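Chains as they are written, first to last, in PDB author numbering: chain K, 2 to 60; chain c, 223 to 277; chain a, 35 to 142; chain b, 2 to 149; chain o, 9 to 102; chain S, 49 to 204; chain R, 10 to 149.
We treat Cβ as the ideally placed atom computed from N, Cα and C, and that holds for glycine.
Heads up, the thing below is written out as structure tokens.
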Amino acid sequence: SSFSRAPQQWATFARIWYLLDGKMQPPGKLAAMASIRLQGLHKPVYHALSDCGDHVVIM
Amino acid sequence: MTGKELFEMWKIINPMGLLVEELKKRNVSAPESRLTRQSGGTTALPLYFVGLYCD
Amino acid sequence: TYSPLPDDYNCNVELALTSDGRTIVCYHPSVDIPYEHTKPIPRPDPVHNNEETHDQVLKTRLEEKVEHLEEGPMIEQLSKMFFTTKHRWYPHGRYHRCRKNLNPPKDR
Amino acid sequence: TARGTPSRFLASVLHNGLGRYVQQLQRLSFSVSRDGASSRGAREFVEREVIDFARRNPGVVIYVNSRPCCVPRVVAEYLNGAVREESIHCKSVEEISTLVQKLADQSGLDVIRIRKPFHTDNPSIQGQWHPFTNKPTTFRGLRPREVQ
Amino acid sequence: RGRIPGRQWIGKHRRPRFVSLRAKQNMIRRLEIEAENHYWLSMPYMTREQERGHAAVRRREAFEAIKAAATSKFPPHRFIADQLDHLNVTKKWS
Amino acid sequence: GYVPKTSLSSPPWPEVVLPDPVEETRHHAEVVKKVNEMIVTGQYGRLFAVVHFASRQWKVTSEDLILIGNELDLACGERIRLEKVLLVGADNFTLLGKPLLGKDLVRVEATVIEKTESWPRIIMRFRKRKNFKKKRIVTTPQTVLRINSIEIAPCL
Amino acid sequence: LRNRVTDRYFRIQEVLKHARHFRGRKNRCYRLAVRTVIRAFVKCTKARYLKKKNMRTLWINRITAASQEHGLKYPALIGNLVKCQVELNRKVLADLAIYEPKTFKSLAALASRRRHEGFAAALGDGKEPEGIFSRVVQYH
Ligand SMILES: [Mg+2]
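Have a look at this one:
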């Protein structure tokens with residue numbers, strides 16, 4: 002690490018873009034993964050005040 | 223000195239030049255920067271990761 | 035052979051139990067990103083300010099980017115820039131403005 | 002309530018236990034009455050216990066003013082500048098001894114909501130979490146749906 | 009649209025409830041604990057004629073202690089020293 | 049006992065084959081010799097520890113603070129060996145206890161700084177239409193510890 | 010008027026100083042500030058149990074996130090970690106998940122290996138070895 006403070010916090014709280022295919026999937030099983038990664042629940046730095054959301058791109 | 227990073231006390235200006243001078247002393251050739259991880263180049267809040275490779 | 039987790043990301047664990055039996059030992063050196071998993075840095079060198087007559091006309095051209103919008107289109111532009119909605123970029127009253135900490139505590 | 006009072010983070014004043022421990026109390030200013038029943042416990046405290054208290058922890062300077070007052074007080078001054086004034090009006094000898102001992106123990110920071118009772122100054126060692134921890138790299142760093 | 013006539017949990021027409029798997033498994037484990045209690049109560053040790061007076065002395069001593077604590081109830085003592093050291097209220101510097 | 053391949057013939061999870069226990073015991077001996085040599089030659093730095101103390105568990109490093117909510121009958125300035133260290137860890141190796149590590153491996157030292165009360169915490173009850181209104185103000189005692197050193201020994 | 014009350018303003022201030030930060034006429038008038046300060050103190054007293062519950066639910070969410078990064082579910086991690094006799098509570102597990110991810114990968118590898126040992130013990134009833142990262146340490 003050792004990661005000077007503002008680069009470190011930028012690295013921790015950054016946004017990530019995700020791609021998820023459709024093509025013979027049920028919409029609910031796509032919606033579950035999209036809901037988890039839109040809320041940011043897949044991160045251990047999660048908190049509902051922290052706005053730790055990610056982008057989800059479904060094709 | 224507890225809880226403070228190094229360059230919060232030294233406050234250098236050009237770290238890459240000091241780094242290539244330091245590697246000039248240690249007989250390691252020259253660090254080339256290669257792009258390692260990135261997440262969103264087109265937006266207004268990117269994130270990059272540059273790693274410095276020596277040989 | 036058998037490893038309980040994939041050993042390509044973050045770390046490489048070996049789990050060991052002591053001969054006494056009373057303490058579990060985990061050895062985990064970090065794994066680097068090797069050289070062939072990196073693309074080189076793009077080098078943007080865009081230069082189209084040179085016209086042959088003057089030389090400091092390009093320095094004149096350097097400040098040619100200014101725009102004025104009213105509150106509506108500016109809010110729509112910020113909303114499509116940062117992927118939020120419109121309700122952030124409106125102001126607040128005096129009451130909500132003047133009861134906010136300007137000297138907040140600081141851990142670390 | 003905690004929204005109605007200020008709050009601070011848990012902190013040492015000048016990194017006490019790291020090097021040498023220093024007594025964070027500077028002064029105790031006593032104001033007791035010669036005549037007057039309200040200062041009877043403090044009168045007996047000045048009789049018997051303030052001499053042993055002054056010998057016990059010598060970093061503190063103790064003053065006894067002996068002033069006509071309807072309410073006796075003790076003013077405790079700390080190293081960081083704070084001033085804590087407490088009234089010893091109609092108390093026992095044991096209560097005043099407990100009060101000056103508790104003033105001798107604590108440090109001069111505010112007694113407000115103390116907000117996350119731990120102060121790691123380098124909390125991570127193996128490296129703090131970022132979303133590219135626990136993620137594998139791919140050959141030449143290609144993104145999904147790439148061509149070359 | 010799905011309306012039950014008033015106060016769904018009492019009366020003639022009620023909102024129906026159904027038994028989950030949670031409820032059956034909970035009731036089953038409680039029934040197993042109760043069957044084990046039925047077992048361990050089934051073999052006594054002293055057969056009701058050998059216990060006839062085996063604890064009479066301890067019970068009589070316990071009730072005699074209760075009775076002795078009950079009948080020994082009386083005002084507390086009163087002393088000269090308390091009445092005289094109330095005069096310490098107006099102690100000045102001596 | 050043969051079933052041809054269908055969707056439900058075999059279990060969906062991949063078949064795991066745990067190793068032979070003799071070679072695994074020799075491998076455990078090799079790894080603990082590696083980690084013991086790393087300790088004895090001094091290849092660590094800024095190790096942390098998880099410590100059980102005053103009914104809580106404190107993820108603790110050197111030079112920090114912990115504040116516990118009870119007196120300790122200890123004058124300030126006195127040093128303390130916090131026992132019950134149930135995880136120690138440097139970079140590149142950790143050691144787990146079962147549940148507690150040995151007393152000879154890890155040794156956590158701690159100094160007491162400050163013995164204070166708390167800010168006044170309000171306790172109030174209320175029941176409507178019953179004329180019920182109680183109120184208390186409670187300041188519990190507190191103690192501040194400062195974790196000086198987390199040493200480690202090669203007895204393993 | 011024999012002995013009518015003089016220090017009424019200090020009682021009004023004693024109630025109003027906990028209501029300076031309210032909204033509306035509750036920060037000024039005593040008849041309204043009393044009811045809102047009473048409800049505020051009852052909420053402050055009842056909030057401690059909700060604080061402890063919400064903090065443990067937050068720890069459960071963070072541990073579920075980190076373990077699902079490692080391909081493990083939360084019940085598998087907690088159960089098979091307690092079956093190796095390591096008694097780490099949810100607070101230090103979430104703090105290890107955020108700040109020490111190598112130690113969390115070591116713990117997830119331990120929980121997955123004890124899970125696999127339990128599965129092979131279920132197929133074999135033991136016979137021989139009852140695993141390795143089983144065999145609890147016995148205290149007397
Ligand atoms: Mg109805």
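Where do the N-terminal and C-terminal ends of the alpha helix (DSSP H) with residue i fall, by residue?
i, result
"R:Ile-21", "17-25"
"a:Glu-85", "Here a:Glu-85 belongs to no alpha helix (DSSP H), and DSSP marks it neither H nor E."
"S:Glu-63", "No alpha helix (DSSP H) contains S:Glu-63, which DSSP labels as neither H nor E."
"K:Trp-11", "6-13"
"residue 104 of chain o", "The first residue shown for chain o is 9 and the last is 102, placing residue 104 of chain o beyond what the model contains."
"S:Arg-194", "S:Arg-194 -> not in any alpha helix (DSSP H); beta strand (DSSP E) instead, spanning 190-200."
"R:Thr-112", "110-133"
"b:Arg-56", "51-57"
What whole-angstrom Cβ distance do residue i and residue j have, given they're in contact under 8 Å?
i, j, result
"S:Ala-97", "S:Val-154", "6 Å"
"S:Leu-66", "R:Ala-118", "Contact doesn't hold; Cβ gap of about 14 Å is too wide."
"K:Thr-13", "K:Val-57", "Wrong, their Cβ atoms sit about 20 Å apart, outside the cutoff."
"a:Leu-39", "R:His-79", "6 Å"
"S:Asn-196", "S:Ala-158", "6 Å"
"S:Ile-170", "R:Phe-142", "At roughly 49 Å, the Cβ-Cβ gap does not stay under 8 Å, so S:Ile-170 and R:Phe-142 are not in contact."
"S:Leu-130", "S:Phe-101", "6 Å"
"R:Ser-115", "a:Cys-60", "4 Å"
"a:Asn-46", "a:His-62", "6 Å"
"S:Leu-113", "b:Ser-13", "6 Å"
"R:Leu-25", "R:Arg-34", "Actually they do not touch by this definition, with Cβ atoms about 12 Å apart."
"R:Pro-110", "b:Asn-123", "R:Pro-110 to b:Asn-123, Cβ: 16 Å. No contact."
"S:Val-79", "R:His-125", "About 19 Å; that fails the 8 Å criterion."
"b:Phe-46", "b:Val-94", "6 Å"
"b:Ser-32", "b:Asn-66", "5 Å"
"c:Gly-225", "a:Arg-142", "7 Å"
"b:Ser-39", "b:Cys-71", "6 Å"
I'd like the span of the beta strand (DSSP E) that includes residue i, first residue to last.
i, result
"b:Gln-27", "26-32"
"a:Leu-49", "48-51"
"R:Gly-80", "No beta strand (DSSP E) contains R:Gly-80, which DSSP labels as neither H nor E."
"R:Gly-140", "Here R:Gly-140 belongs to no beta strand (DSSP E), and DSSP marks it neither H nor E."
"S:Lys-183", "180-186"
"c:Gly-273", "270-275"
"b:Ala-77", "74-79"
"K:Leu-20", "18-21"
Ligand 3 and residue i: does any heavy atom of the ligand fall closer than 8 Å to the residue's C-beta?
i, result
"S:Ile-198", "Looking for ligand 3 in the displayed structure turns up nothing; the ligands present are ligand 1."
Report task. Report the residues of the stretch 7-35 of chain K with a CB closer than 7 Å to any CB of chain b, ordered along the chain. Result -> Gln-9, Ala-12, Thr-13, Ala-15, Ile-17 and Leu-20
Query raised in the report: Counting by C-beta, which residues lie closer than 7 Å to a heavy atom of ligand 1, in chain order?
Result: o:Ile-12, o:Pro-13, o:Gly-14, o:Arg-15 and o:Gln-16
Query - alpha helix (DSSP H) runs contained entirely in the stretch 87-129 of chain b, provided each spans 4 or more residues - result: 94-106
**Report entry** Residues within the stretch 61-83 of chain a neighbouring chain c, beta-carbon criterion of under 7 Å
**Finding:** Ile-67, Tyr-69, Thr-72, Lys-73, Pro-74 and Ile-75
Query - Members of the stretch 119-133 of chain b near chain c, C-beta cut-off 9 Å - result: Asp-122, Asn-123, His-131, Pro-132 and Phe-133
Query - Near-chain K residues of the stretch 82-115 of chain R (beta-carbon distance less than 8 Å), N- to C-terminal order - result: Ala-103, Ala-106 and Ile-107
**Report entry** chain o contacts from the stretch 18-43 of chain b (Cβ-Cβ distance under 7 Å)
**Finding:** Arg-35, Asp-36, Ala-38 and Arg-41
Query - Chain-ordered residues of the stretch 33-54 of chain K with a beta carbon less than 8 Å from chain b - result: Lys-44, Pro-45 and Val-46
**Report entry** Those runs of the alpha helix (DSSP H) which lie wholly inside the stretch 25-104 of chain R and span at least 4 residues
**Finding:** 39-78 and 83-91
Requested in this report: With 7 Å as the limit, tell me which residues of the stretch 117-137 of chain S have their beta carbon closer than that to any beta carbon of chain b; keep them in chain order.
Outcome: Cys-124 and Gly-125
**Report entry** Members of the stretch 233-265 of chain c that neighbour chain K once the beta carbon cut-off is set at 7 Å
**Finding:** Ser-261 and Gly-262
Query - chain S contacts from the stretch 84-109 of chain b (Cβ-Cβ distance under 8 Å) - result: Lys-103, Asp-106, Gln-107 and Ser-108
Query raised in the report: the stretch 3-14 of chain b: which residues have C-beta closer than 8 Å to a C-beta of chain a, in chain order?
Result: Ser-8, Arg-9 and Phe-10
Requested in this report: Pick out the complete alpha helix (DSSP H) segments inside the stretch 50-98 of chain o, 4 residues or longer, and give them in chain order.
Outcome: 64-79 and 88-93
**Report entry** Any beta strand (DSSP E) of 3 or more consecutive residues that is wholly inside the stretch 89-163 of chain S
**Finding:** 96-101, 104-108, 113-116, 127-130, 133-137 and 141-145
Query raised in the report: Which residues, in order along the stretch 71-88 of chain S, keep a beta-carbon less than 9 Å from a beta-carbon of chain R?
Result: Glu-72, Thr-73 and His-76
Report task. Could you please tell me which residues of the stretch 108-132 of chain a, in chain order, have their CB closer than 7 Å to any CB of chain c? Result -> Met-115 and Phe-116
Query - Interfacial residues, the stretch 14-37 of chain R to chain K, with Cβ spacing under 9 Å - result: none
Report task. Taking a Cβ distance cut-off of 8 Å, strictly less, list which residues of the stretch 47-67 of chain b are near chain R, in chain order. Result -> none
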